[PDB]
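# Remarks on the overall topology
Okay, here's what each chain looks like letter by letter:
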Amino acid sequence: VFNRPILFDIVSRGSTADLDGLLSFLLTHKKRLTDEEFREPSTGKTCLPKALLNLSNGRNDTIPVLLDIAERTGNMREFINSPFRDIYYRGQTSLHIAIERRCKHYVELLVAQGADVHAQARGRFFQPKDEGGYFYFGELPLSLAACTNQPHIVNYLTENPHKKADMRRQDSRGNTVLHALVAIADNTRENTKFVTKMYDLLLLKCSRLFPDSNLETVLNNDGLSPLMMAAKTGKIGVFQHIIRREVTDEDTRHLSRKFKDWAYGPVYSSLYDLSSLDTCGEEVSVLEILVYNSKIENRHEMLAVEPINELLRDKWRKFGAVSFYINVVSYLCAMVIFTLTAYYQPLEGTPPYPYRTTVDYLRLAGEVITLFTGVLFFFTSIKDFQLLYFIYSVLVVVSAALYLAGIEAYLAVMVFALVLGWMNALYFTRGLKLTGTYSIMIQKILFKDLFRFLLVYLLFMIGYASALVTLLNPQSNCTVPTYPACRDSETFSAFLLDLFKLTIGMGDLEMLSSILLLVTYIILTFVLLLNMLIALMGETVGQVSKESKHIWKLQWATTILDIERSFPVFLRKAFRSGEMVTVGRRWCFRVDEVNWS
Amino acid sequence: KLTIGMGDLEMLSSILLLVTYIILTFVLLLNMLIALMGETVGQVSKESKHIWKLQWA
Amino acid sequence: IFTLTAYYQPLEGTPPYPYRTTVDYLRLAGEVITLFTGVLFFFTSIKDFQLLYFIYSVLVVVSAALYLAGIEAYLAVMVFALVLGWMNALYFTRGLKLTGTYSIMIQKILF
Amino acid sequence: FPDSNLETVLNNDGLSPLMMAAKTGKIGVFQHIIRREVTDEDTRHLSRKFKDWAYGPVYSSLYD
Ligand SMILES: CC(C)C[C@H](NC(=O)c1cc2ccccc2s1)C(=O)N1CCN(C(=O)[C@H](CO)NS(=O)(=O)c2ccc(Cl)cc2Cl)CC1
């Protein structure tokens, strides 16, 4: 009419008398309700979305007049489809605003007049919290209604006489409504309950509309599908449900999981349909994602959902423990045949090719077994406790190469590879006896503590040599652990370095008699190192907390799955199958639970 | 045994690999011992009362 | 640069002004950096782990003064200021890694 | 007196109610005084926890 601000103020106030006649002025002035000057150049906001976000308790009756002007001006469809060109927002057509406002009164007329129900809200503000946004819902009006708790809006949009939003349609991320509805889910009570309810509603509706394929199958750009996405993101409330979903009516029962097999009074055989909790190495599986992935925040309970835990139990029973025990036997054997080939190292010096006699031939047999296992380990580490394992393999390879070169004092990284292989055998010791927490504590220790102690110890060595050179300098023939400066007494630090190491490495010392500063300084390092050590023991014991049960369960599962991934699982060693047709073959896992209902 | 059995040693002067290796066994045995003390103290839990009752019976 | 200027303490005894050569000039550079940081620390401590900090600053100042006086067996509070500055760096280690509780326990220990 | 809210007046030690509650160790009064919002505009200026905007289940509280 005259300027955009007055239009915005009028629509916010909701006055209709002033708007009257202005439409005639626009028509006579050759103006369109979608013209740029009517829309803010930054956000592209139009009068209609402004009214739709200024609801006076959901009774701003001006918007119908605006739509009337819109089709009168000749441009209505694009007027309803008013994408925001800014970066903070985007898309955000009238439908998103109306649906989000928890008001279906305007949504009905907005859709009926004709509004794109496939508008992509592809803006920064709509991305997940991590990717720079604030609210992620699926970038679609239907997924917006479902996520933002507007089931009535969903029912109207999916079954309106006008255009309907197909559920299978997926946003740029390839989500579909189910993926997004999983995304917003948390581990709370009300949110989880509502999300599972809407999930069941939406899945049933899609199945009824298209029984050929349930909506859950559709995979996203990352290729997860709702179940695996819930497993990866750390969801529990939605996860616990989606894995125990059963439906009554046969026409929509096929999409069930927790079938029923039979009952014998107080014993119930629930036939869980774990069709994607293990793929036998063929494809991605929910169990592998749940366990290997480190981003999981609720892995403890998620492992113990029920079918997963009993599936791991069964895997342990058949071809899960025999492999474990033969693995430890083989590894202890291949480490003993390395130990005995290390201590029996070829004699005489210069061992390029000293294998001559029967005992020496047996030593060669042991060495070749070690090298073969080393190269096999290399392949298993690159072809597929993994970095320490690559280190072991490369060290043994270097040792074998140097031995073939017959180079002196270089069969000493071979012994280091041996001792590594002896601390490398802690991979196995994570199952029986609930052992392996030594691995956790030493993992905490590593370089962190090693170089912390080493740097404080160099600190004290250097300060102490400084004390000697600054207090004692005022024929001598030099003292071994560093000495004053003149008389050609430069000496070296390393001697006092090892002296301080072993002396405060548990005594076995001479306590160099050069005093007040020096003795107080030695006392100070006593206190500091005692602190360091017992404090570190304090954190180690304070954590773990009796080694916990989640820990042992997790490493036990990891050992299982590593065992299965070792060999081709698709062979006749897979999880139990079930019913052929009608119910299914839909390989099923049968769990028996006794109840006194 | 005796040298890492609580000192009373001469520390055979043969170096880098050997000294790092001796340090490594220090760390490993200290772990073993204090970790074992950790399981022992973490269990029993002040010796419990069920225990004493059971052996008394 | 204080540790390396402590262990490389001027040789020959009687070090009033022994800075002569290139390596010794670099040692002088380190020592002057230490003294400058010490006086800056003094100002930041009086102009505004604070008492230990004033102790470090005053000890380094005393050490620099005695060195300028070239007095024997008195570049030994300088090494004490060095070791203090090495236990003085626990002010920082209270953030990442949730460390610094060593500071709390040693605070309980003290005298 | 809408010219100045009473909370501004400082004591001899110069604290004002919020800082005095913070210093003395109060929590119940402190948790409130820092999240105090008023409805009517004539007395809304003395509010702290304004409201900026909402996008459904996300609320941007504009603490003053
Ligand atoms: C084929 C399966 C029936 C058994 C398979 N193990 C082997 O084929 C062996 C090869 C050799 C060679 C010489 C001596 C002993 C063995 S055992 C197996 O079970 N897995 C293979 C994939 N895995 C791996 O690649 C990690 C790499 O980190 N294996 S490991 O670190 O080297 C290890 C650790 C403990 C034990 Cl106690 C045995 C092994 Cl190996 C683990 C799980």
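Residues numbered from 1 in each chain as written, not as in the entry; some residues may be left out. Chains lettered and ligands numbered in written order. Part of a larger assembly, values for the part shown. Heavy atoms only, no water.

The record names cryo-EM as the way this model was obtained, at a resolution of 3.72 Å.

Under the PDB entry, the name given to chain D is Transient receptor potential cation channel subfamily V member 4, and the organism recorded is Mus musculus. According to the record, the entry carries the title "GSK101 and Ruthenium Red bound state of mTRPV4".

If you look chain C up in the PDB entry, it shows as Transient receptor potential cation channel subfamily V member 4 from Mus musculus.

## Some remarks on the overall build of chain C
Looking only at helices and strands, one finds five helices and zero strands in chain C. Along chain C, helices (α) and strands (β) appear in the sequence α-α-α-α-α when read from the amino end. Projected onto its principal axes, the C-alpha positions of chain C cover 45 × 25 × 25 Å. With 111 residues in all, chain C has 34% of them scored as buried. With the model as given, the accessible surface of chain C reaches about 7200 Å², and the carbon-plus-sulfur share is 74%. If the 6 positive side-chain charges of chain C are averaged to one point and the 5 negative ones to another, these points end up 17 Å apart. (Helix = DSSP H or I, 4+ residues; strand = E, 2+ residues; numbered from the N terminus. Buried < 20%, exposed > 50% of the residue type's maximum accessible area, 1.4 Å probe, protein only. Areas by Shrake-Rupley, 256 points an atom, 1.4 Å probe, with all protein chains shown as cover. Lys, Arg positive; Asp, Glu negative; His and termini not counted. Charge placed at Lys NZ, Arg CZ, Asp CG, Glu CD.)

## Observations regarding the site of the ligand
All names here are of chain A. Lining the immediate environment of the ligand, one finds 17 residues, of which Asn327, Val328, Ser330, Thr380 and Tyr389 sit closest. In the model, an oxygen atom of the ligand is placed 2.3 Å from a nitrogen or oxygen of the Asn327 side chain. Here an oxygen atom of the ligand sits 3.2 Å away from a polar atom, N or O, in the main chain of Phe385. Contact with the protein chains removes 79% of the 800 Å² of surface that the ligand exposes when unbound. Elements that contribute at least two residues to the shell around the ligand include exactly α17 (322-343), α18 (358-382) and α24 (549-566). Residue contributions to the shell around the ligand peak at six residues, all from α17. (Near = heavy atom within 4 Å. Polar contact = N/O pair within 3.5 Å; in protein donor to acceptor, adjacent residues only side chain to side chain.)

## A few points about the state of the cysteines
All names here are of chain A. What the rule picks out here adds up to zero disulfides over all chains. Its sulfur unpaired, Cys103 is 17 Å from the next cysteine sulfur, which belongs to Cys47. Here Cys478 is not cross-linked by a disulfide; its sulfur's nearest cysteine counterpart is in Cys486, at 11 Å. (Disulfide = S-S within 2.5 Å.)

## Quick word on the interface of chain A and chain C
Each side of the interface is counted separately: chain A has 21 residues, and chain C has 24 residues. Together, the buried faces of chain A and chain C total about 2000 Å²; carbon and sulfur atoms form 75% of this surface. Summed over the shared surface of chain A and chain C, the number is zero salt bridges. One can count one residue pair in polar contact joining chain A with chain C. Mapped by element, the contributors of at least two residues to the side of chain A that touches chain C are α21 (437-471) and α23 (516-542) of chain A. (Contact = heavy atoms within 4.5 Å. Buried area = accessible area lost by both parts, 1.4 Å probe. Salt bridge = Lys/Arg side-chain N within 4 Å of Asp/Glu carboxyl O.)

## Comments concerning the pairing of strand β1 (residues 49-54) of chain D
Residues and elements named next belong to chain D. Pairing of β1 with strand β2 (residues 59-63) involves five bridges; the strand directions are antiparallel. The residue of β2 that forms the bridge with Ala54 is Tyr59. Connecting β1 to the next strand, β2, in antiparallel fashion are four residues, including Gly56 with a positive phi near 95°. (Pairing = 2+ DSSP bridges.)

## Here's the deal with the pattern of salt bridges
All names here are of chain A. A full pass over the atoms with the stated rule returns 19 salt bridges over all chains. Salt-bridge contacts for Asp9 lead to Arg13; the nearest nitrogen and oxygen are separated by 3.6 Å. You can see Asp9 and its partner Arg13 sitting in helix α1 (residues 4-13), four residues apart, about one turn around the helix. Residue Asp9 is classed as partly exposed on the basis of its relative accessible area of 40%. Between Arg59 and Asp61 there is a salt bridge; the shortest N-O distance is 3.6 Å. Here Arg59 falls in the partly exposed class, since its relative accessible area comes to 46%. Through salt bridges with shared partners, a single network forms among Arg208, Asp249 and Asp251.

## Points about the arrangement of the chains
For this structure, the chain pair with the highest number of contacts among three pairs of chains in contact is chains A and C. The least C-alpha distance between chain B and chain C, which are not in contact, is 20 Å. Between chain B and chain D there is no contact, and the shortest C-alpha to C-alpha separation is 38 Å.

## Here's the deal with helix α22 (residues 493-503) of chain A
Regarding α22 of chain A, the residues found buried are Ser493, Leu496, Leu499, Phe500, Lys501, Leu502 and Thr503 of chain A. Those residues of α22 of chain A that are buried lie in contact with α21 and α23 of chain A, α1 (16-42) of chain B together with α1 (3-7) of chain C.

## Structural notes on the interface of chain A and chain D
The partner chain D presents six residues to the 10 residues of chain A that form the contact. For the pair chain A and chain D, the summed buried area comes to about 680 Å², and 65% of that belongs to carbon and sulfur atoms. Considering only the side of chain A, the residues that lose the most area to chain D are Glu100, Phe125 and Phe135 of chain A, jointly responsible for 53% of the buried surface there. Where chain A touches chain D, the interface holds zero salt bridges. On the surface where chain A and chain D come into contact, there are three residue pairs in polar contact. Here the side of chain A that touches chain D is built from residues that sort into six nonpolar, one polar and three charged. (Nonpolar A, V, L, I, M, F, W, Y, C, P; charged D, E, K, R; others polar.)

## A look at the packing of α18 of chain A against helix α19 (residues 387-405) of chain A
Residue and element names in this part refer to chain A. Interhelical geometry of α18 versus α19 gives an angle of 140° and a closest axis separation of 9 Å. Accordingly, the angle class assigned to the pair α18 and α19 is oblique. In this structure, α18 meets α19 at a crossing whose hand is left-handed. Counted together, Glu367, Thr370, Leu371, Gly374, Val375, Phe377, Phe378, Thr380, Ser381 and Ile382 of α18 and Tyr389, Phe390, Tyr392, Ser393, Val394, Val396, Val397 and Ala400 of α19 form the full contact between these two elements. Each residue belonging to the contact of α18 with α19 can be placed in one class, and the counts come to 12 nonpolar, five polar and one charged. (Axes fitted to C-alpha atoms, helices over the stretch in contact; angles between N-to-C directions. Parallel < 35°, antiparallel > 145°, perpendicular 65-115°, else oblique. Left-handed = near helix turned anticlockwise from the far one by under 90°.)

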